[PDB]
Amino acid sequence: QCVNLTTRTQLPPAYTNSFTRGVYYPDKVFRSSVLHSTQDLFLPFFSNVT
Amino acid sequence: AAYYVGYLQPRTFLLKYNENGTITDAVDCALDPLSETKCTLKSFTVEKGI
Amino acid sequence: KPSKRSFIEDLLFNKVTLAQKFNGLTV
Amino acid sequence: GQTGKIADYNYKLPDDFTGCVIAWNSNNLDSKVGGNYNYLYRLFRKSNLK
Amino acid sequence: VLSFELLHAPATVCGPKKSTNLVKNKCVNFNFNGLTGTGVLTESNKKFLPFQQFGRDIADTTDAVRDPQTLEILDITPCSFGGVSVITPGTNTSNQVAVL
Amino acid sequence: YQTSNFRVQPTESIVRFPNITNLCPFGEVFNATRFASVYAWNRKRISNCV
Amino acid sequence: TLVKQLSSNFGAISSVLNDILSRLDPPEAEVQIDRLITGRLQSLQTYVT
Ligand SMILES: *[C@@H]1O[C@H](CO)[C@@H](O)[C@H](O)[C@H]1NC(C)=O
Ligand SMILES: *[C@@H]1O[C@H](CO)[C@@H](O)[C@H](O)[C@H]1NC(C)=O
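1. Here we look at the overall build of chain E
Helix and strand counts for chain E come out as zero helices and seven strands. A compact globule built from 100 residues would reach a C-alpha radius of gyration of about 13 Å, whereas chain E, at 23 Å, exceeds it by more than 25%. Projecting the C-alpha coordinates of chain E onto the three principal axes gives extents of approximately 80 × 40 × 30 Å. For chain E, the proportion of its 100 residues judged to be buried stands at 20%. Look at the contacts in chain E between residues 6 or more apart in sequence, and 31% of them connect residues 24 or more apart.

2. Side note on the sheet that holds strand β6 (residues 81-87) of chain E
The strand order β7(E)-β6(E)-β1(F) describes an open sheet built from three strands, whose pairing is antiparallel. Bordering the open sheet on either side are β7 (98-99) of chain E together with β1 (2-7) of chain F, each of which pairs with just one other strand. Across two bridges, β6 of chain E lies against β7 of chain E in antiparallel orientation. Its bridge partner lying in β7 of chain E, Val86 of chain E is registered against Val99 of chain E.

3. Structural notes on a negative patch on the surface
On the surface, a cluster of negative charge is contributed by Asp15 and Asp16 of chain D together with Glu30 and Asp34 of chain G. Along the chain, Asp16 of chain D turns up in the segment after α1 (7-10). Note on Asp16 of chain D: relative accessible area 67%, which makes it exposed.

4. Observations regarding unusual backbone geometry
Phi at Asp60 of chain E is positive, roughly 60 degrees, even though this residue is not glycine. In this structure, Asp60 of chain E sits in the loop between β3 (54-56) and β4 (62-66). The phi dihedral of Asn48 of chain F falls on the positive side, at around 60 degrees, and the residue is not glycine. Within the secondary structure, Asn48 of chain F is located in the segment after β1. Overall, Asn48 of chain F belongs to the exposed group, its relative accessible area being 71%.

5. Observations concerning the side chain of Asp28 of chain B
Tracing the backbone through its elements, the reader meets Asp28 of chain B in strand β2 (residues 23-28). Among the polar contacts made by the side chain of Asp28 of chain B, one reaches the side chain of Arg11 of chain B at a distance of 3.5 Å. A distance of 3.3 Å separates the side chain of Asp28 of chain B from the backbone nitrogen of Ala30 of chain B, its partner in a polar contact. The residues contacting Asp28 of chain B, other than those within four sequence positions of it, are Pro44 and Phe45 of chain A together with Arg11, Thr12, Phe13, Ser35 and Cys39 of chain B.

6. With respect to the site of ligand 1
All names here are of chain B. Taken together, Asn18, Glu19 and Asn20 are the residues near ligand 1. With respect to ligand 1, the side chain of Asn20 contributes an N or O atom lying 2.4 Å from an oxygen atom. Burial of ligand 1 by the protein chains amounts to 29% of its free accessible area of 360 Å².

7. Here's the deal with the nonpolar core
Counting residues in each nonpolar core, the largest one holds eight residues, listed as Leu22, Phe30, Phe32, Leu41, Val65, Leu74 and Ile76 of chain E together with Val15 of chain F. Formed by seven residues, the second largest nonpolar core is a distinct cluster that contains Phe42 of chain A together with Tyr17, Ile23 and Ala26 of chain B.

The rules behind each value
Residues numbered from 1 in each chain as written, not as in the entry; some residues may be left out. Chains lettered and ligands numbered in written order. Part of a larger assembly, values for the part shown. Heavy atoms only, no water. Helix = DSSP H or I, 4+ residues; strand = E, 2+ residues; numbered from the N terminus. Rg over C-alpha atoms; globule rule 2.2 N^0.38 Å. Buried < 20%, exposed > 50% of the residue type's maximum accessible area, 1.4 Å probe, protein only. Contact = heavy atoms within 4.5 Å. Pairing = 2+ DSSP bridges. Patch = residues over 30% accessible without salt bridge, like charges linked within 9 Å, V, L, I, M, F, W, Y side chains within 5 Å. Areas by Shrake-Rupley, 256 points an atom, 1.4 Å probe, with all protein chains shown as cover. Salt bridge = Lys/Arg side-chain N within 4 Å of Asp/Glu carboxyl O. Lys, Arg positive; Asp, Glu negative; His and termini not counted. Charge placed at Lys NZ, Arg CZ, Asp CG, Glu CD. Polar contact = N/O pair within 3.5 Å; in protein donor to acceptor, adjacent residues only side chain to side chain. Near = heavy atom within 4 Å. Core = buried A, V, L, I, M, F, W, Y, C linked by side-chain atoms within 4.5 Å.

Take it as geometry only, folks, not as evidence of what the structure does.
Here it is as structure tokens:
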């Protein structure tokens, strides 16, 4: 069933801000009371999220 | 319903682990000159100087 | 007093903050 | 080290060998019509030999 | 009958298994899943997150490892090494020595 | 005079990475009625397990 | 910094000797070992100076 529904209403897309969010553990290594520098794909701080 | 969509870019982060191994804080490297200084010094605190 | 240091020597020794075992490195 | 590994079940040269290898063709007299089968070459061994 | 053939490709169906008893308090060369080393393995009190497989201290040295069977954390410490020194009064007064 | 060094040798008592107990169920052709045929051959592949 | 310099390729396949030994045959596994030896000697000499 391709249904192909209808009755679509248009509004502009709204943006908002990323308040220090979107950080994941890059590896499976345990650390304790240390500062570690990593280089990988991340969501930048204070970006425009839809 | 409400939801938010963003994107990822290749960045460099400095991550802070507590005694129990969970990431409790992070700092970006290409946000501010202050963030650049923090990443260079590998610390979350900077003293007076150049 | 523990050891035989003076008041000022104790202050100096507690003021300075200080190491482990490595692969080939000894102290 | 050129392998041909069955020949290295048979005859092996060291890593720092110094000397000369000389080979030539013997299709005229080593192999001829009507049976030539008297050479054997040790298909496989238990382990590599020094 | 099967086909004995070779072709260059990243493996998808592949994995080893040897199994050996776990020995503590005796330094030895060890090979966990992928990670190899040498040292003495002892019980630990560190707490890992459920997805974490091995600890690591400053200067990137493997410090603790979780075993795949019991999911327990073990400390790795190298077994002893050092130097030896010979203390002599000179081979003009005597020939006996001490060793440190 | 510091003459030489000493170190403790391993006891050879080695360690593990066992428990294949995942044990994906794929054995049905091993003792089935028909294995294959000259013109009933499929694409026999093994993947996503051991 | 001396200890941290120990996990570096210096142009070799890896930074750990055991994997180089396991994944390569002795005739041509020696070049990687030589590169690692060269780099580690250089770092140690700089530390001493
Ligand atoms: C870490 O976990 C322990 C419980 O094992 C808890 O007592 C302690 O407060 C935790 N650390 C922090 C910083 O919350
Ligand atoms: C696999 O692991 C479980 C728990 O992780 C443990 O009972 C044992 O080591 C294995 N189970 C078997 C062999 O049934």
